[PDB]
Amino acid sequence: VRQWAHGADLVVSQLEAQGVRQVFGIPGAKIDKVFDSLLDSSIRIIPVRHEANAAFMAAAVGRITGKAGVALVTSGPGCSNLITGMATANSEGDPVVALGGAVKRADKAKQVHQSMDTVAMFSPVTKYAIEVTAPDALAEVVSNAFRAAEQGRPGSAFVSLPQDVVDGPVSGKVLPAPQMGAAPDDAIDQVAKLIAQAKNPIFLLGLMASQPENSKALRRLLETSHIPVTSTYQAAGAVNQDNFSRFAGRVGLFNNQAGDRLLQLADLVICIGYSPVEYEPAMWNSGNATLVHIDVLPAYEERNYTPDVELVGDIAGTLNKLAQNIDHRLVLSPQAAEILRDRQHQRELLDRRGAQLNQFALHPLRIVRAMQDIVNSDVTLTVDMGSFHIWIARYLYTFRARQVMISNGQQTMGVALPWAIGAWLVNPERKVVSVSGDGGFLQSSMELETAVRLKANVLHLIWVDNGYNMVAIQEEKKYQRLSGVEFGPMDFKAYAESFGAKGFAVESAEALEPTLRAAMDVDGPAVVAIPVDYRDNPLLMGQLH
Amino acid sequence: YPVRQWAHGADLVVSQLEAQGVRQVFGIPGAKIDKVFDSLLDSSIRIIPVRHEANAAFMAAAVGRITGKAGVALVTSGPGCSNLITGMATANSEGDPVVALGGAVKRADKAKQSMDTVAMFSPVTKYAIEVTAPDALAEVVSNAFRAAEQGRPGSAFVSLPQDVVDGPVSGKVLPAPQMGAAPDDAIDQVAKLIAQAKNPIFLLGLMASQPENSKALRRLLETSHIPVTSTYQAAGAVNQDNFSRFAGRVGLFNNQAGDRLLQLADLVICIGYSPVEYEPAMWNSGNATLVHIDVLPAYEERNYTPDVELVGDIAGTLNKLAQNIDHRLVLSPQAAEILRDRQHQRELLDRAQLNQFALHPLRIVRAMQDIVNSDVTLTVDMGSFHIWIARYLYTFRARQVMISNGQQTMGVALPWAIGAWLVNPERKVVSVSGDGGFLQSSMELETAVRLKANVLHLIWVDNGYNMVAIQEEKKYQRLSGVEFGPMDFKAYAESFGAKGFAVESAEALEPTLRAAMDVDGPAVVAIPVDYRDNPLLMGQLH
Amino acid sequence: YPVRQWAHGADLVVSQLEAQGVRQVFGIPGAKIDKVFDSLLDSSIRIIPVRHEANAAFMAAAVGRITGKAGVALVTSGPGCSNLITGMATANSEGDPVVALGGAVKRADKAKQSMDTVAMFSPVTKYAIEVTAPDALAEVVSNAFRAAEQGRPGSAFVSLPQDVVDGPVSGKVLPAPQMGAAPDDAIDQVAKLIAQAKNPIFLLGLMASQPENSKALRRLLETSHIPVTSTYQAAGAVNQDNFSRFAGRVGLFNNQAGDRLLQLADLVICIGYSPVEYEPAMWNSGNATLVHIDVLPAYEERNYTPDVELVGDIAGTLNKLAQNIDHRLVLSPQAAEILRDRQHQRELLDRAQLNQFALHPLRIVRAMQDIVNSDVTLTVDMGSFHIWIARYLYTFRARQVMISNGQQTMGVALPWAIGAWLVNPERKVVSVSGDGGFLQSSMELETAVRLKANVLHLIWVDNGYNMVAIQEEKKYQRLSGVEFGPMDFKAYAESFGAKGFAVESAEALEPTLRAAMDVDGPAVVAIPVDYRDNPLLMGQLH
Ligand SMILES: Cc1ncc(C[n+]2csc(CCOP(=O)(O)OP(=O)(O)O)c2C)c(N)n1
Ligand SMILES: Cc1ncc(C[n+]2csc(CCOP(=O)(O)OP(=O)(O)O)c2C)c(N)n1
Ligand SMILES: Cc1ncc(C[n+]2csc(CCOP(=O)(O)OP(=O)(O)O)c2C)c(N)n1
Ligand SMILES: [Mg+2]
Ligand SMILES: [Mg+2]
Ligand SMILES: [Mg+2]
């Protein structure tokens, strides 16, 4: 152990030990010693314009690297401004460690309830929430926060750091930054035998199946077996139409997915890193099939989810072993092949690569096609929440992006831009495309200054309707009249340029592709406003569950 | 197990309990939860009414600790639930799987001008939920058992709103884990470290004392002959007789061979151990290769940051580790000396004619060891007597001992004993406590008599709270609030219909214990004790 | 009271208690909180060790209810605190001012691998705080008493970390409200409504039973002669003898004159009343002018939305209201009939030779009324006997009765009685309970004997949980978990050193009660009861 002048120095040293490359946040009196200590480290300080976005950026870093993104904020409002961010990350399973300042331990303002009980506030939306009361257990708590966020089913962790603890001296050491084995060999063999006997098997991918550490094993198992696959949105990016011929689409939103039909037909369903909370089991489990559960944790038994076999342990190890016990590729049953044949037909019908679509404001389909043109395998795509989100999800089979951040169970708006910046920081050599509506854009657009400051190569697309359309179409369907969903117009090109970023505003369908192309080629942050005609939304909504 | 339409959610609950292998339920009925007690009447599940809910949690814990399956407590709303709190916290601390089903007001009256029980139980449980979705009643219960029984066992609380249990519901009962050993690659990495170790030592924790790990543990020890020491949560895992290289229990006394071996160690392998069981600072000097083996990743601490972590099925890991141990260990000079000292230490601790009255603690311990045989379960309450018994655990040869008690909750012994007896009603159980601990749960004597439980409860009588008195004496040289009046425990026990005895002389001690042990049913023996020599034992504590 | 340097925070605490007028403290010592018990030794404050912490909260509540000043409980960390929960919740529900001082681990070990007691107590208290600022120790305590004693009294919890009470602190003891009557203008507005009322009625709540409001209440009733009815929290505020227009207690029975008058009312004036005391839906038809008088604004409900609210000092308001009442009330035809019916009702309820054995409830009530005189405090536990006693409260003439119990917590009687006796040790106290309630707190008999408390505890013996059994019978026509074994309560009581009695025939009832009452000290009488006629009484409940 060492004698540390400040607890902040030990915290920073622990962060370095955790492999943290940067920290997102906003400084304040209570937490400033930590920002100060970061000056003497290898960790880059990234100042944001609103704490909420610090949590969103950290979440993106977590989902991509698999290692926790870090947010650093001051006490009081500093911490409360992160709450929505922490809840969103926790919901989508993104590892995030938030370090929040607090008044000194003995501050009498605590007894008079003059200072926020942040631990109580964060406990409901985090996997781990705690306040350091013992200076000597500083590295310990920070270390445990990372383990709690990155292990098991990933989530967010909050650590409250009293000012006196980080400012005062401490004596401790840096704790170096798991070793869980695959499922039992007998159970794996058991499953390999169920597979060899199944006529209509199918894989249902969940959150844990999309983790980076399981990518290789998953790819190997799919290639060896050639068994159909369907995914929940928390695994939307694990597999796509283009990289697997037997992909059946993502389930949980549209009522005609091949994944749902195959699951109904299945005589053997193998869930990977799946939890019933990702998609209602009653929606696909007919009970007429043998059920296998593969994950880092036991299954949450439920009326429509009582696994016949449960393989708990290291997912990658379990999938690799299973792959080694497969003698041949699956020969699709006439029925299964028919269902895949139908998805092929529906994609054909959803497509329109030859239609004019030159109306203005732009038709959602014309915008989706233009987005597909610029989003390729070297481009990451982040998607906000709103009506355009449903359009993009319907066509996820057409996006050939390196990766896509779209899952958003809490339906939190404003995540796209912050997600893109975080995704960009993980791979600054690649391009990132973020997309939102005007509502979401204005909730985090302040981070545009952050983007310009970082020279972040992010292209943000704004679908403009001058209102909260996703809520409006719900009100129209229920009351046939609108309330609180309409607002005024804005000059987004000028809005963007006022930050020093490149701004564009589509004034006709013909200008769409050229504009997106020029915006993509811009070396640095750019924003493109796209007026949209949401009149056809009812047609798309008719495909929802 | 098909999806059915149930006349009362209470019926689904009961079927779910039967599916979990529940044989009995402990508790006290009330208006809000009465439909469940009524449903149990058509069940194969036995209803065991207690006299105080706290004891339902204690009895359920013993059941859980012994069977591996959650003990079940059932109480009504309000005070029925709040009376379980201490019991639930005690089970959670000792890792005993318990599921408490607590009644509550109908959902609609919750915000009406009822206790927020979930909020009160959340701090002392692993799982605390309230059923708000009638159609997910079987799920919440089922998953409560999962929470209590899996990983590091603990207590689970489920609030059942009256309208949910009395009203009809649809649903199916859910059937009552398959994890493998640690990564073989890592098991070799550890096996290699063992071959390079000069002073290897095993530190056993809670999970190491689980029956599912028995065979593999013994197999690993018989093949390596590496010395062993245990926390009190694994007090029963290994004893002096079956392992000559046993180094005792660590955490209480400052002169244990286990601690000396830990300090001397170059390689320490912890199994089913968690810091909470014994302050790492107390034994981890910091310059030894630390290996962690458990069902859960290590809960890192300042002085407990393992170099290697083997997470997974313990029995599987240990079995694989054993197969990778070529030669048995040859104790180093210091190691051998340390173990030799423990032997000399035992000879000393054992070595006179203590015929004074009130009885000398050593005399009582000696007599206790005589009646406690390998077929008997011994339960120990909290108090000064606890220290005396702990000091001599090496010479106790009981089927099992329930002594671990981190919260230091008094009153646990009798209810634990009743719970343990119900698991194996053909055997005898012996519980011991002080007068203070005795009156906190003695109301269960009626329950013991009602059940015809073959339990013998011993009471060390000093007429006070001695364990507290000695700490006050040491710190203030005067006493406060630790002295109370005397009682005739013989008549007290007889009033319940149990057999009572009161030792009135030293020579009467042994004969009285025998007459009590020979009683087929509940019996209590009050034993006046002279705690004057406690200072000499306390000097042996950390 | 100057700012001093204290050797131990524990010393400041004690001085603060003395400043609050605390005469005794109830509790059980422990390592974390022992310095406080030690500090009390140099205090004028008496240390009263209990046998179970829950009872410390019950005894403290009686003290608070009677003196108006918070009763004090002192316990150690962990189970010491969790054992107080039910007691604290019961006090908070009945409005009894109680301050619990609970020990805790040193501040630095809190987040270390200790119970989050504040979080557990917050749901059942008015004030739950933990001292994190050593220099504000006297403040947190002082303000805990303020929280318990002011507004609507309730319980308050204070967690004292061991390092804070053992370590030195600086600070001064803080001296131990001045609110005026409601706005005179509004008092007239109400006085006007009273002059226009044809069927005015007073509904008394908790605050109306406070001694500080006695004189003003009587003065207001003697001047207006307006009929009165009371919730059970104000059961003692007024009785049949002192007010011929008393309409009984409302909330339990479906045939009360009070409810009929409330329904008939055109003007209802509630004093110190809060909906929680009696469901407004049960009596507020909704077409009467509703006036609310209390120390706190009305806690609006669906059927309790007062037209006029007089917030402020109750005694002052009532005194001013009285001075604005010219003529006494002339009962309307219906009002007079209703009161006449209550008179005929009493004549009936009173009207035979019940010499059966086991004893008939009516016989027991009759005998109870004979021994309970105007100098005796009567405490009543929860169970079927409770209903029987409530039915006949009009014929009980005790100094005071502790019966209100919204949580329906069993075991309250004896500890309450001990607490009430300590307030007036020269008087006799009588507590009554069922066998179930008796065993939950009977351990305090040792405390009673130790104190030489002049308490007589009566036990209605049925060998079960009857109040629950009758509800099961009605709903399921069968019983579950409500039957237990018999006991010899005579020997049980004697074992403690108290006087025990067991009624073995009807004719022996009265003589046995007398012999017990004549005992100068603790005495217990077990009374076998035949609950067969309970269905006839239950038909009288809402
Ligand atoms: C923070 C927050 N508040 C409210 C909502 C509810 N809601 C869901 S998406 C959305 C916004 C729709 O506006 P926009 O982002 O402009 O997208 P559009 O549907 O209009 O394309 C709203 C208001 C939300 N998701 N997040
Ligand atoms: C519920 C509870 N309250 C307070 C304590 C603190 N304390 C620890 S052991 C004990 C009791 C000692 O009395 P007894 O059981 O008579 O044993 P002795 O040490 O006197 O033999 C007390 C008061 C506790 N453990 N549990
Ligand atoms: C702590 C607690 N648990 C459960 C209840 C529910 N219930 C209400 S009164 C009562 C007991 C009745 O037993 P007893 O005291 O013997 O009275 P009886 O009605 O039989 O005369 C019970 C079990 C309660 N009030 N308090
Ligand atoms: Mg919009
Ligand atoms: Mg004792
Ligand atoms: Mg009874």
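What counts as what
Residues numbered from 1 in each chain as written, not as in the entry; some residues may be left out. Chains lettered and ligands numbered in written order. Part of a larger assembly, values for the part shown. Heavy atoms only, no water. Residues with missing side-chain atoms left out of burial classes, pairs and counts. Helix = DSSP H or I, 4+ residues; strand = E, 2+ residues; numbered from the N terminus. Rg over C-alpha atoms; globule rule 2.2 N^0.38 Å. Least-squares fit on C-alpha atoms. Contact = heavy atoms within 4.5 Å. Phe/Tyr/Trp six-rings, centres within 6.5 Å; stacked < 30°, edge-to-face > 60°. Buried < 20%, exposed > 50% of the residue type's maximum accessible area, 1.4 Å probe, protein only. UniProt positions renumbered as here; feature names shortened; annotations may be inferred. Near = heavy atom within 4 Å. Polar contact = N/O pair within 3.5 Å; in protein donor to acceptor, adjacent residues only side chain to side chain. Areas by Shrake-Rupley, 256 points an atom, 1.4 Å probe, with all protein chains shown as cover. Nonpolar A, V, L, I, M, F, W, Y, C, P; charged D, E, K, R; others polar. Pairing = 2+ DSSP bridges. Axes fitted to C-alpha atoms, helices over the stretch in contact; angles between N-to-C directions. Donors = N, O, S within 2.8 Å, 3.2 Å for Na, K, Ca; no water.

**Topic: the overall build of chain A**
1) Next: Along chain A, the regular secondary structure elements total 22 helices and 20 strands.
2) Next: Computed over C-alpha atoms, the radius of gyration of chain A comes to 24 Å, within 12% of the 24 Å expected from 2.2 N^0.38 for 545 residues, which places it in the range of a compact globule.
3) Next: Dimensions along the principal axes, computed over C-alpha positions, put chain A at roughly 70 × 65 × 45 Å.

**Some words on the relation of the copies chain B and chain C**
1) Next: With an RMSD of 0.0 Å, the operation that places chain B on chain C is a rotation of 180° combined with a shift of 0.0 Å along the axis. Look at the turn and shift together and you get a two-fold axis relating the two. Identified as the residue of chain B closest to the rotation axis by C-alpha distance is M120 of chain B, at 2.2 Å.
2) Next: The residues that chain B uses at the interface reappear at the interface of chain C in 100% of cases, marking a shared surface.

**Focus: the packing of aromatic side chains**
1) Next: For the coordinates displayed, the defined rule picks out 36 aromatic pairs over all chains.
2) Next: Taking 5.2 Å as the distance between ring centres and 80° as the angle between the ring planes, the aromatic pair formed by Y468 of chain A and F487 of chain A counts as edge-to-face. One end of the pair, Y468 of chain A, is in the loop between strand 18 (458-464) and helix 19 (469-479); the other, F487 of chain A, is in the loop between helix 19 and helix 20 (492-497), and 19 residues separate them in sequence.
3) Next: With a centroid separation of 5.9 Å and an interplanar angle of 40°, the aromatic rings of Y392 of chain B and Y394 of chain B are classed as tilted. No difference in accessibility class separates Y392 of chain B from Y394 of chain B, as the two residues are buried.
4) Next: Connected via pairs of aromatic rings, a cluster forms that spans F438, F489, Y492 and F496 of chain B together with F438, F489, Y492 and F496 of chain C.

**Observations regarding the UniProt feature "binding site: Mg(2+)" in chain B**
1) Next: With numbering aligned to this structure, UniProt lists the feature "binding site: Mg(2+)" at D435 of chain B.
2) Next: Relative to the helices and strands, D435 of chain B resides in helix 17 (residues 435-441).
3) Next: Look at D435 of chain B and you get buried, because its relative accessible area is 1%.
4) Next: If we ignore the near neighbours within four places in the chain, the residues touching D435 of chain B are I459, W460, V461, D462, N463, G464, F484 and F489 of chain B together with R51 of chain C.

**Remarks on the site of ligand 3**
1) Next: Residues in contact with ligand 3 amount to 24 residues; listed here are only the nearest, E53 of chain B together with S384, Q408, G436 and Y531 of chain C.
2) Next: The site occupied by ligand 3 is bordered by residues of chains B and C.
3) Next: Side-chain polar atom of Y531 of chain C to an oxygen atom of ligand 3: 2.6 Å apart, as the coordinates give it.
4) Next: If ligand 3 stood free it would expose 590 Å²; the protein chains cover 98% of that surface.
5) Next: For the shell around ligand 3, the secondary structure elements donating two or more residues are helix 15 (384-391), helix 17 (435-441) and helix 19 (466-476) of chain C.
6) Next: A breakdown of the residues in the shell around ligand 3 according to their chemical character gives 10 nonpolar, 11 polar and three charged.

**A look at the sheet that holds strand 3 (residues 46-49) of chain C**
All names here are of chain C.
1) Next: Pairing is parallel in the open sheet, where six strands are placed in the order 3-2-4-5-7-6. The sheet terminates laterally at strand 3 and strand 6 (127-130), the two strands that pair on one side only. Each neighbouring strand pair of the sheet contributes to a mean axis angle of 20°, computed without reference to strand direction.
2) Next: Judged from the seven bridges that link them, strand 5 (residues 98-104) and strand 7 (residues 155-161) form a sheet pairing that is parallel. Note that in strand 7 the partner of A104 across the bridge is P161.

**Describing the coordination of the magnesium ion (ligand 6)**
Note on metal sites: the ideal angle is 109.5 degrees for four tetrahedral donors, and 90 or 180 degrees for six octahedral donors.
Residues and elements named next belong to chain C.
1) Next: Protein-derived ligands of the magnesium ion (ligand 6) are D435 (OD), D462 (OD) and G464 (O), with the metal-ligand distances lying across 2.1 to 2.3 Å.
2) Next: Written as a sequence motif, the donor arrangement for the magnesium ion (ligand 6) is D-x26-D-x1-G. On the criterion of sequence distance, the pair formed by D435 in helix 17 and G464 in the loop between strand 18 (455-461) and helix 19 is long-range, its members being 29 residues apart. Considered together, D435 and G464 belong to a single accessibility category, that of buried residues.

**Concerning the site of ligand 1**
Residue and element names in this part refer to chain A.
1) Next: Inspection of the region around ligand 1 gives 18 residues, with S387, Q411, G439, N469 and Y534 positioned closest.
2) Next: Between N469 and ligand 1, the recorded distance is 2.7 Å, taken from a backbone N or O atom to an oxygen atom.
3) Next: In this structure, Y534 approaches ligand 1 through a side-chain N or O atom, which is 2.6 Å from an oxygen atom.
4) Next: When isolated, ligand 1 has an accessible area of 580 Å², and the protein chains bury 78% of it.
5) Next: Elements represented by at least two residues in the shell around ligand 1 include exactly helix 15 (387-394), helix 17 (438-444) and helix 19.
6) Next: Of the residues forming the shell around ligand 1, the biggest block, four residues, is contributed by helix 17.
7) Next: Along the lines of polarity and charge, the residues of the shell around ligand 1 split into seven nonpolar, nine polar and two charged.

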